[PDB]
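Colleague: Model the following, please.
(chains A, B and C)
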Amino acid sequence: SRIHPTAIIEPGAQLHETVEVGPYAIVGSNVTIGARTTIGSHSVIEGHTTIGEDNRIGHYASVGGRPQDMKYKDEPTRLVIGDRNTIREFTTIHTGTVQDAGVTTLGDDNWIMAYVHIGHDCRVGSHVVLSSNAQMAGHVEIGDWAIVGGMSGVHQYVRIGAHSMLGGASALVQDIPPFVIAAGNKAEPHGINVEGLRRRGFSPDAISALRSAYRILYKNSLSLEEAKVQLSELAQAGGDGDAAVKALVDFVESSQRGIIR
Amino acid sequence: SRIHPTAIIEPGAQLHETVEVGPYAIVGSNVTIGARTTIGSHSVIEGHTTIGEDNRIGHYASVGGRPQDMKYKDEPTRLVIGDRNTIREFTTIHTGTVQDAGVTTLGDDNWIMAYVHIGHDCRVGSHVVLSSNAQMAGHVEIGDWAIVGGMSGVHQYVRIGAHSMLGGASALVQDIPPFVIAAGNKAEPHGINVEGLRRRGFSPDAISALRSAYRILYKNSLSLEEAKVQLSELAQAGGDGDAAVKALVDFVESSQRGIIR
Amino acid sequence: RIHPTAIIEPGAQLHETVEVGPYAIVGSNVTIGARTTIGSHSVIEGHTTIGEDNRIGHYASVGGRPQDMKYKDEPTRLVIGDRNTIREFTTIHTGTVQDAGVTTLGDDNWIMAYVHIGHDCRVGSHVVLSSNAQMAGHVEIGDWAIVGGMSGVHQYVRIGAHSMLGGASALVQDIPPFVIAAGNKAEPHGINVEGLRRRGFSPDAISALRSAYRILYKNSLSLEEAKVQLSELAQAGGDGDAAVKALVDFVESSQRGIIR
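Modeller: Residues are numbered from 1 along each chain as shown, chains lettered A, B, ... in the order given. What follows is the structure:
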């Protein structure tokens, strides 16, 4: 049996014929699951939840549970998950709220370790690593390739930029710009994520441009507005780093909570 | 049917006819559950445990497990939970120890989020919010309406005053006085919980008296002895704030671990 | 003894006296020795060997695969000894072929709820891991060590025997044996005197260790100077000499360095 005889697939659940479901797991009536996804023993998949293909969901995974927001009134809010995600034990990923945009999202190729909590209305990209017991409150955005260290907590509405890194045992209450390492309680910036950018194929010129960008943003007493002018010009320098610097200034121009400093 | 056929209700458990119990849940022989309480799938309710009415206990909730105290020798100690509590996933609430009063207590209208841990002999009031992965070691008192932020740890024997707030990712090793906001590792005081109090119906004059009390206690260079005298006088001003200030000074005077500074 | 709803995969080797509660699962490569009990909903898997007189609670994930992205399904191992208490929502993982292929726990350990023991950890005996203490890969924990609740331990850190880590601490370097540490990040705060007394260390041995602590941390010595002076104390033939030797051998073998 691809579906264990002790699993409960509630009428209405839509599972591709190739989906495997382990013992004592439950799949709710409003769940849709794509090809080759596996669900481990004791997991509960619920909510108005769409899961993609080739996902490896472990034991005791709570996927699609309702928001922990006291304003939630049982609205059929949504959770959408892409492909090739690894989701480990004692994880929680919640659906959205009608006060925001009604949907929590997770992309592709993510690595979600044990005890990780993804609150209502989060938007997580692709190739993200969420280490053990990393916990995000509502409406957190996490860009592609970001790494969140273990036993870290992230405040509601915070944005974590693409290719950024949050050290373990950190408390993050403002935005991490893309490409930046942050750490501490509360978390502060500590340079460009050089090791990460090297492993991902960024050139020494692109990395060197981002080091300049970091200096401009943090180490010259520039106001955020003054920094944006300088960063915008650096983004047009004609170098390997142009696109990366443009992503940085687009992220800082759009910050709600402001950025860590 | 209200009790899922795969749920195990041990002979001797006393459930009101309207209690619902989901798949693969277990309810122990010494458990009592009152009207309209729902127990989610995979949950284990055990110990000498009394649960009230209209409680919403989610999946994978461990309610009434034995103390994690090396002195515990399988005594039939108790856990008492009131009415209208919401208890989410991967939660742990333990019975008491015979070295204290043999009981852990939770009142009514509490919001207990995922990964929350309530150790032996805790005394939790009503309208309390315990955010995700807030963990309380043994013998912690939590006053009505208090809020504890996510990923926060509270040392054994700490008291959390009514209407106080502890920020996320904080470590609390001394008492938080009622009406006070605190944050950090270790946690320090950061003023009166002004907006909380206003939303709960505290008058402008009551809040102003509490702001004055906060300065007396923390900002005016007074010894603890001098602050207690001045607080005792402020509590007799004849204003709306009198009862709140009295509660504050009565709390300060009863502290055994001391108050946060 | 085995609840009818428990799933014991063919191949699992359980002593006749092992008890297994409702809805628990024991994998085909697991061995479990005499008088060990497994609570409801627990999943015991991997190439896992568990000893005698263990008390494993509900929702215990024991023998799960490494969270290392390099893991490719190799038959790596977890070994647990005797008389361990392992509480709820715990995770203990097997090893990786990039280290020595095995995660190990000794005897008489107290493993509280939400504790995480990552791949390739090596945990001794009489260790207390308090609620939600989490250890990344390749963490070594010496005998009698106590790790406080909601603390995180970086990969490859070594916790010395008889040490203590306070709650809500973040440990990124080694704790020498016999030392108290606390904070985010964790810093040293003296010899664990109360611990040593309870465990039978003599007053002379404790005084030697306090002297050793000052040499290492309080006397403005370089590491190289401190090591020579600790070695000279270890050679002086007093009660406590073996303990001081253990300290300097630990400091000399540190890869990540010691907390300061």
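Colleague: Start and end of stretch A:107-127, how far apart?
Modeller: Stretch A:107-127 stretches 8 Å from its first residue to its last (Cα to Cα, to the nearest Å).
Colleague: Ok, stretch A:77-93 next?
Modeller: First-to-last residue span, stretch A:77-93, Cα to Cα: 13 Å.
Colleague: now that stretch, how far from the centre of its chain.
Modeller: Here stretch A:77-93 is found 10 Å from its chain centre; the criterion is Cα atoms, centre = their mean, to the nearest Å.
Colleague: Report whether it contacts chain B.
Modeller: Yes. For stretch A:77-93 and chain B, the contact criterion (Cβ under 8 Å from any Cβ of the partner chain) is met by A:90, A:92. Heads up, the C-betas are built off the backbone N, CA and C, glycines and all.
Colleague: what's near enough to touch residue A:236?
Modeller: residue A:242 (Cβ atoms under 8 Å, 6 or more residues apart in numbering or on different chains).
Colleague: Report how many residues lie close to the residue of chain A found nearest chain C.
Modeller: Closest contact between chain A and chain C, by Cβ to the nearest Cβ, is at residue A:169 (3.4 Å). Number of residues near residue A:169 (other Cβ atoms under 10 Å in any protein chain shown) recorded here: 32.
Colleague: Now do it against residue C:254, distance only.
Modeller: Applying Cβ to Cβ, to the nearest Å, the value for residue A:169 to residue C:254 is 21 Å.
Colleague: What are the buried residues along stretch A:201-219?
Modeller: Residues of stretch A:201-219 classed as buried by neighbour count (16 or more other Cβ atoms under 10 Å in any protein chain shown): A:202, A:206, A:207, A:208, A:209, A:210, A:212, A:213, A:214, A:216, A:217, A:218.
Colleague: Torsion angles phi and psi at the most centrally placed residue in chain A?
Modeller: With distances taken as Cα atoms, centre = their mean, residue A:124 lies nearest the centre of chain A, 3.0 Å away. Dihedral angles of residue A:124 (phi, psi; degrees, to the nearest 10) stand at phi -110, psi 140.
Colleague: Then residue A:253?
Modeller: Dihedral pair for residue A:253: phi -60, psi -30, per degrees, to the nearest 10.
Colleague: Angles on the backbone of residue A:234, please.
Modeller: Dihedral pair for residue A:234: phi -60, psi -40, per degrees, to the nearest 10.
Colleague: same check, this time on residue A:189
Modeller: According to degrees, to the nearest 10, residue A:189 has phi -70, psi 150.
Colleague: what are the bridge partners for it, then?
Modeller: In this entry, residue A:189 is beta-bridged to residue A:182, by DSSP bridges.
Colleague: what sits up against the lengthiest helix in chain A?
Modeller: Using DSSP state H, we find that the single longest helix of chain A is helix A:204-218. For helix A:204-218, the external contacting residues (Cβ under 8 Å, 6+ apart) are A:177, A:179-180, A:189, A:191-192, A:194, A:197-198, A:222, A:227, A:230-231, A:234, A:237, A:239-242, A:244-245, A:248, A:252, A:259, A:261.
Colleague: where does the stretch 151-261 of chain A come near chain B, residue by residue?
Modeller: So the stretch 151-261 of chain A meets chain B at A:151, A:152, A:153, A:155, A:171, A:185 (Cβ under 8 Å from any Cβ).
Colleague: quick one: which of those sit in strands?
Modeller: Cross-referencing these against strands under DSSP state E gives A:153, A:171.
Colleague: Can you name the two of the residues of the stretch 151-261 of chain A next to chain B that sit furthest apart?
Modeller: Greatest spatial distance in those: A:151 and A:155, 15.3 Å, computed using Cβ to Cβ.
Colleague: So which of these two has more stuff around it?
Modeller: residue A:151 (28 against 22).
Colleague: Do I have it right that that one meets residue A:117?
Modeller: No. Using Cβ atoms under 8 Å, residue A:151 is not in contact with residue A:117, being 11.8 Å away.
Colleague: Give the residues shared as contacts by the two.
Modeller: Common neighbours of residue A:151 and residue A:117 (Cβ under 8 Å, 6+ apart) are residue A:134.
Colleague: So which bits of the stretch 1-150 of chain A are right by chain C?
Modeller: So the stretch 1-150 of chain A meets chain C at A:23-24, A:41-42, A:58-60, A:88-90, A:111, A:113-115, A:132-133, A:150 (Cβ under 8 Å from any Cβ).
Colleague: rerun at 7 Å
Modeller: In this structure, the stretch 1-150 of chain A approaches chain C at residues A:23-24, A:41-42, A:59-60, A:88-90, A:111, A:113-114, A:132-133, A:150, judged by Cβ under 7 Å from any Cβ of the partner chain.
Colleague: Sort out which of these are in strands and list them.
Modeller: Those of these lying in strands (DSSP E): residue A:111.
Colleague: Tell me which two of the residues of the stretch 1-150 of chain A next to chain C sit farthest apart.
Modeller: A:23 and A:150 (28.9 Å).
Colleague: ok so residue A:195 is a helix residue?
Modeller: Yes. Assessed with DSSP: H, G, I helix; E, B strand; the rest coil, residue A:195 lies in a helix.
Colleague: residues touching it, list them.
Modeller: Taking Cβ atoms under 7 Å, 6 or more residues apart in numbering or on different chains, we find residue A:195 in contact with no residue.
Colleague: Now residue A:8: closest residue in space, sequence neighbours ignored.
Modeller: residue A:26 (4.6 Å; Cβ to Cβ, 6 or more residues apart in numbering or on different chains).
Colleague: Do I have it right that the one you found meets residue A:44?
Modeller: Yes. The criterion here is Cβ atoms under 7 Å, and residue A:26 meets it with residue A:44 at 4.8 Å.
Colleague: per-domain residue ranges of chain A.
Modeller: A:1-191, A:192-261 (curated CATH domains).
Colleague: So which of those is the most surrounded?
Modeller: With neighbours taken as mean count of other Cβ atoms under 10 Å in any protein chain shown, the domains of chain A reach their highest mean count in domain A:1-191, at a mean of 22.
Colleague: how long is that one end to end?
Modeller: OK, domain A:1-191 end separation, Cα to Cα: 51 Å.
Colleague: Angles on the backbone of residue A:81, please.
Modeller: The phi/psi pair for residue A:81 (degrees, to the nearest 10) is phi -130, psi 140.
Colleague: Quick check: bridge partners of it?
Modeller: Applying DSSP bridges, one finds that residue A:81 bridges with residue A:51, residue A:106.
Colleague: and it, what does it touch?
Modeller: A:50, A:51, A:52, A:55, A:106.
Colleague: got it, and residue A:4?
Modeller: Applying Cβ under 7 Å, 6+ apart, the residues near residue A:4 are A:21, A:22, A:23.
Colleague: just the residues you listed now: which is nearest chain B?
Modeller: Of these, the one sitting nearest to chain B (Cβ to the nearest Cβ) turns out to be residue A:23, at 9.8 Å.
Colleague: from what I can see the closest one touches residue A:5, true?
Modeller: No. Judged on Cβ under 7 Å, residue A:23 makes no contact with residue A:5 at a distance of 8.3 Å.
Colleague: Helices of chain A, start to end?
Modeller: Using DSSP H, helices in chain A cover A:194-199, A:204-218, A:224-234, A:242-253.
Colleague: Need the phi and psi values for the nearest residue to residue A:61 once chain neighbours are set aside.
Modeller: Among residues not flanking residue A:61 along the chain, residue A:43 sits closest, at 4.2 Å (Cβ to Cβ, 6+ apart). Reported as degrees, to the nearest 10, the phi and psi values for residue A:43 are phi -80, psi 150.
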